[PDB]
């Protein structure tokens, strides 16, 4: 779809068999979820944002459905205040900015 920005651009996700909502976030390189339970191996990773850094688990090659569109990629798990879909996934679903 087209999404305007009068409200936070939140969409419905399916990831690791679980349903979540997440913010379409063009300012995020990476995709990060709080409180999902993903299978298999992971590596610790530190991420930097406003306010400092955060420790996350990095999972690779994770399938995700983003507003009905399929992608696969890295998903970070850690204490984000809101789940975010970043550019690593947005490029796969053909998401663009327009003005």
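Positions refer to the first chain, counted from 1.
Colleague: Is the mean CA B factor in the deposited entry higher across 68 to 76 or across 46 to 54?
Modeller: Comparing averages over the C-alpha atoms only gives 46 to 54.
Colleague: Can you let me know which of the two, 13 to 21 or 79 to 87, has the higher average C-alpha B-factor in the entry?
Modeller: Of 79 to 87 and 13 to 21, the stretch with the higher C-alpha B-factor average is 79 to 87.
Colleague: By its CA B factor, does residue 62 count among the lowest, middle or highest third of the modelled residues in the chain?
Modeller: For residue 62, whose C-alpha B-factor we compare with every modelled residue in the chain, the answer is the middle third.
Colleague: In terms of the chain's CA B-factor thirds, is residue 35 lowest, middle or highest?
Modeller: According to the entry, residue 35 has a C-alpha B-factor in the chain's highest third.
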